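Below is one structure, written out as structure tokens; the observations come after it.
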Amino acid sequence: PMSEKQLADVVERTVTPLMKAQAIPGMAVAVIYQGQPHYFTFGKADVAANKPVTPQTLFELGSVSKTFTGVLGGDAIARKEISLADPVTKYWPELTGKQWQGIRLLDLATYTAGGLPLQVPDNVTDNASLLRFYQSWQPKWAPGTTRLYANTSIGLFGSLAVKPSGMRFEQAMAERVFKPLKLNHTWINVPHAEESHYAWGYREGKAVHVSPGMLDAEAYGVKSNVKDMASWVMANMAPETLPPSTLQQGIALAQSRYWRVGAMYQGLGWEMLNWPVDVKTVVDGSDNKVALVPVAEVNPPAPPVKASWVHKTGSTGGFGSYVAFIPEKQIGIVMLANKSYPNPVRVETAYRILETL
Ligand SMILES: *C(=O)[C@@H](NC(=O)/C(=N\OC(C)(C)C(=O)O)c1csc(N)n1)[C@@H]1N=C(C(=O)O)C(=C)CS1
């Protein structure tokens, strides 16, 4: 086994030239190894203010937020508040168009509604406009047959999934996922009292934070530090060490396999590949194409497979994040950066570090 000093050398020797070549100002890395988190921090959280990254620095998780959304949805299933087989119209009856009749919560959660678009338009800022947006949508393919990664898909899933709870999405997430897991520095809205910890992201050398948008919390809006994200990876890698609960059940539902595209299996938020897998296969299996692709159905959904590479990429304008873990080996990694850099490079970096363990 690797000593703490040897592991720090592996991470530093990889991350240092990466940050220089990509012009990433700051990064926080957690390696999960032998049951323990190991934290490594580099560079600047705020370039203009010369503030260093620390384990308390908050980063925008971007689409890694969808792993929280998927687990919250799984928790709602386990509470028997929703079913993935329910029609979307059970939770939004105003969607009366014929194109919505056959669409299920499963389709929203896993991007199979038939071509819901990537983003909510920026000029959609209220519920009447969001209703008109979904009313006007014309599918390209029958539901349950294609995948098109889309914030408007799982974003709507998250908003509908919490309706039986009576809570807004942010409240439900805090009460049912963040608090039980003691993720006390993980935020959909960063409190005023925590702003000193909030890194700036950098796009073309310019400091930027994510802008509000409808369905942002569900799809790309969580902020967290490297310690909370290590805990999140530990909880999803080893949920059997948690007490029995609907949240533990929801973790299992979110790592269940619902569809297959090539070597990648779609969970709720999480994505999975069978382990062992080569790095090139993981890279080729983590491209969210602009175009639709066909899916293979996993019916019934397959329960979580310990021999899996489980991961999620995510970015905002100014941040790039990545989480991956292998339950069979009990290793995992969190990579938080305040510049967006290519997803294949995140995969390659993570894979090389985990390979040393
Ligand atoms: C999660 O990270 C999602 N990312 C986004 O929604 C945002 N941008 O995605 C684009 C515009 C493609 C990008 O340049 O990164 C976003 C939220 S807020 C903000 N200022 N930008 C999905 N991320 C990917 C991915 O696989 O990396 C996709 C191609 C679909 S969107």
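To be explicit about the labels: the chains of the structure tokens are called A, B, and onward in the order shown, and within each one the residues are counted from 1, while ligands get numbers from 1 in the order they are shown.
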- Could you report the residues within 7 Å of ligand 1, using only C-alpha atoms and all ligand atoms, as a list in words? residues 62, 63, 64, 118, 119, 149, 150, 151, 210, 211, 219, 220, 286, 287, 288, 289, 290, 313, 314, 315, 316, 317 and 343 of chain A
- All residues 9 Å or closer to residue 164 of chain A, only C-alpha atoms, same chain fewer than 3 positions away omitted, as a VMD selection string: chain A and resid 76 81 to 82 91 160 to 161 167
- Item | Close residues, residue 115 of chain A itself excluded, 8 Å, only C-alpha atoms, min 2 positions apart in chain, as JSON, numbers by chain | {"A": [111, 112, 113, 117, 139, 140, 141, 146, 147, 148, 292]}
Kindly export the residues of the current selection with N, CA, C and O atoms, as a PDB file, in the first residue's frame.
ATOM      1  N   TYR A 111     -32.798  10.726 -19.540  1.00  0.00           N
ATOM      2  CA  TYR A 111     -32.555  11.387 -20.829  1.00  0.00           C
ATOM      3  C   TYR A 111     -33.168  10.648 -22.010  1.00  0.00           C
ATOM      4  O   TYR A 111     -32.689  10.793 -23.135  1.00  0.00           O
ATOM      5  N   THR A 112     -34.243   9.886 -21.797  1.00  0.00           N
ATOM      6  CA  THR A 112     -34.810   9.064 -22.849  1.00  0.00           C
ATOM      7  C   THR A 112     -36.196   9.532 -23.270  1.00  0.00           C
ATOM      8  O   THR A 112     -36.948   8.756 -23.873  1.00  0.00           O
ATOM      9  N   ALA A 113     -36.536  10.793 -23.013  1.00  0.00           N
ATOM     10  CA  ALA A 113     -37.869  11.247 -23.408  1.00  0.00           C
ATOM     11  C   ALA A 113     -38.015  11.403 -24.910  1.00  0.00           C
ATOM     12  O   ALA A 113     -39.147  11.506 -25.410  1.00  0.00           O
ATOM     13  N   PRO A 117     -34.331  19.213 -25.086  1.00  0.00           N
ATOM     14  CA  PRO A 117     -33.116  19.938 -25.452  1.00  0.00           C
ATOM     15  C   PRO A 117     -32.181  20.110 -24.271  1.00  0.00           C
ATOM     16  O   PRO A 117     -32.554  19.967 -23.102  1.00  0.00           O
ATOM     17  N   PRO A 139     -40.990  15.942 -29.781  1.00  0.00           N
ATOM     18  CA  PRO A 139     -39.983  14.868 -29.751  1.00  0.00           C
ATOM     19  C   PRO A 139     -39.542  14.427 -31.140  1.00  0.00           C
ATOM     20  O   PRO A 139     -40.297  14.443 -32.113  1.00  0.00           O
ATOM     21  N   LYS A 140     -38.287  13.965 -31.214  1.00  0.00           N
ATOM     22  CA  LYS A 140     -37.756  13.409 -32.450  1.00  0.00           C
ATOM     23  C   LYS A 140     -37.920  11.895 -32.522  1.00  0.00           C
ATOM     24  O   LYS A 140     -38.000  11.358 -33.615  1.00  0.00           O
ATOM     25  N   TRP A 141     -37.975  11.227 -31.369  1.00  0.00           N
ATOM     26  CA  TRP A 141     -38.072   9.767 -31.341  1.00  0.00           C
ATOM     27  C   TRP A 141     -38.982   9.354 -30.194  1.00  0.00           C
ATOM     28  O   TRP A 141     -39.208  10.122 -29.258  1.00  0.00           O
ATOM     29  N   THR A 146     -33.953   6.367 -27.107  1.00  0.00           N
ATOM     30  CA  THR A 146     -32.784   7.183 -27.432  1.00  0.00           C
ATOM     31  C   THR A 146     -32.289   7.858 -26.167  1.00  0.00           C
ATOM     32  O   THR A 146     -33.027   8.005 -25.195  1.00  0.00           O
ATOM     33  N   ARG A 147     -31.035   8.303 -26.202  1.00  0.00           N
ATOM     34  CA  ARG A 147     -30.476   9.118 -25.119  1.00  0.00           C
ATOM     35  C   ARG A 147     -30.009  10.429 -25.723  1.00  0.00           C
ATOM     36  O   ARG A 147     -29.286  10.425 -26.730  1.00  0.00           O
ATOM     37  N   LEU A 148     -30.375  11.535 -25.090  1.00  0.00           N
ATOM     38  CA  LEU A 148     -29.790  12.843 -25.384  1.00  0.00           C
ATOM     39  C   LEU A 148     -29.622  13.536 -24.039  1.00  0.00           C
ATOM     40  O   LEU A 148     -30.619  13.912 -23.401  1.00  0.00           O
ATOM     41  N   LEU A 292     -28.513  12.760 -30.817  1.00  0.00           N
ATOM     42  CA  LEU A 292     -29.167  11.609 -30.193  1.00  0.00           C
ATOM     43  C   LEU A 292     -28.474  10.307 -30.591  1.00  0.00           C
ATOM     44  O   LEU A 292     -27.960  10.171 -31.709  1.00  0.00           O
TER      45      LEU A 292
END
- Identify which of the residues A:10, A:21, A:335, A:103 lies closest to residue 320 of chain A, counting only C-alpha atoms when measuring atom-to-atom distances. A:335
- Using only C-alpha atoms, the best pick from A:35, A:321, A:169, A:259 as closest to residue 350 of chain A would be A:321
- Task: Excluding residue 104 of chain A and residues on its chain fewer than 3 positions from it, collect all residues at most 6 Å away from it, counting only C-alpha atoms, and give them as JSON, numbers by chain.
- Result: {"A": [85, 86, 87, 88, 107]}
Would you export the selected residues with N, CA and C atoms as a short mmCIF file (atom, residue, chain, number, x, y, z; two decimals), in the first residue's frame, please?
data_model
loop_
_atom_site.label_atom_id
_atom_site.label_comp_id
_atom_site.auth_asym_id
_atom_site.auth_seq_id
_atom_site.Cartn_x
_atom_site.Cartn_y
_atom_site.Cartn_z
N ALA A 85 -42.05 4.52 -13.17
CA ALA A 85 -43.01 4.18 -14.20
C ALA A 85 -44.18 5.15 -14.29
N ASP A 86 -44.30 6.08 -13.34
CA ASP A 86 -45.42 7.02 -13.35
C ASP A 86 -45.35 7.92 -14.58
N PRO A 87 -46.49 8.29 -15.16
CA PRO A 87 -46.46 9.27 -16.25
C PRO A 87 -46.07 10.64 -15.73
N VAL A 88 -45.40 11.40 -16.59
CA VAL A 88 -45.02 12.75 -16.20
C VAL A 88 -46.26 13.55 -15.82
N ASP A 107 -38.09 8.38 -18.08
CA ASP A 107 -37.56 9.02 -19.27
C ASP A 107 -36.93 10.37 -18.94
#
